[PDB]
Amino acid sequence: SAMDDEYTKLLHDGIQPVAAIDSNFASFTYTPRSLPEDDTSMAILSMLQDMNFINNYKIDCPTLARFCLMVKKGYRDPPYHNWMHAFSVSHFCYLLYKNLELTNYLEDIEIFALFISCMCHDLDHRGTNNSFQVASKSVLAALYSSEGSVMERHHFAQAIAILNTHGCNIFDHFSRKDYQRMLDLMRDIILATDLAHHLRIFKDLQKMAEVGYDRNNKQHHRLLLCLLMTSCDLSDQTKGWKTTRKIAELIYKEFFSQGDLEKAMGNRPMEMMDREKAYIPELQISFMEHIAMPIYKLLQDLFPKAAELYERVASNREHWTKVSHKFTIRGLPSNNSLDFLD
């Protein structure tokens, strides 16, 4: 059994120091997709140890090894929504902790919940969005369509199922109230990964950033948790252009596969999921300007040590406009043929 021997080494060999993963591992310029996937469950353990969550919460090391592997194996392999997405979303969360002094804004448990939520937040993604679940009358829609945030409810429920698999409940020693609190946090944080929820609360995040964050305001804690989670989720866009170019290819590969399925069901896909209508520079610039850039500008307004992130997102947004001409075929295709016109 494969998870068996991976669990054995991950448990008995010990936790590698975070600096022995990469000497810039804790830096905003690091690209965690560079880490071989075979190294990521150990990196997860290193970060959890480096943030002192293992010690502070007395996590059982056998239980935690089993947890991290179950979570890794709970992801499928679509182009974007796979375990390396969840790993790099988790890594950004760690970066926020190492760079933004989160302990002056959030309780220890909420910071713990964010990280765990990041590992869990796309569990069992099938490469399709919420509209498709309803359109295709999928089992998930039959469970959750009346509540909304179908996939994100499924992600949460998958995280609970992992917690309810014997030997995997890293929380099962918590006080009854702390346990309820952590699962409640995880619900709130995963559900915030629905961009429809982010977009619903944007004015409140705006309003919170303008008056200033009130450490004593419980609703500010929730709002801030949702913004940090979204910032982890879109964090691919805060790295160099090449990362974002590769990530754009993964996303559009995923969307266009969904759009192909929708056409094979008689539905006109969204322009962004239809490979015969999607103009990728247009869409990316729209996504960066209307969604990506405002999230990091809000992150910057709350944490000034986060300016570099927003400036990265803005740089990448402007590189899309620069390379947009390259989607126009000049001269002949490199094979010298115009057969593609027929």
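Basically, rigid core = biggest C-alpha set you can superpose within 1.5 Å across the two forms. Just count from 1 along the sequence shown to find any residue number.
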Looking at C-alpha RMS in 9 other deposited structures of this protein with the core superposed, is it 120-128 or 239-247 that drifts more?
120-128
Taking RMS over all structures and residues, which stretch has CA atoms farther from the shown form in 9 other deposited structures of this protein, 99-107 or 151-159, after a rigid core fit?
151-159
Name the higher of the two by mean Cα B-factor in the PDB entry, 213-221 versus 232-240.
213-221
With respect to the recorded C-alpha B factors, which stretch has the higher mean value, 168-176 or 112-120?
168-176
Of the choices 153, 207, 76, 85, which one's C-alpha carries the largest B-factor in the record?
207
Identity of residue with top Cα B-factor, from 46, 286, 56, 63
286
Among the modelled residues of this chain, does the Cα B factor of residue 69 put it in the lowest, middle or highest third?
lowest
Based on the deposited C-alpha B factors for this chain, I'd like to know if residue 42 is in the lowest, middle or highest third.
middle
Ranking the modelled residues of this chain by C-alpha B-factor as given in the entry, is residue 181 in the lowest, middle or highest third?
middle
Splitting the chain's C-alpha B-factors into thirds, which one does residue 261 fall into?
highest
For residue 270, does the deposited CA B-factor place it in the lowest, middle or highest third of the chain?
highest
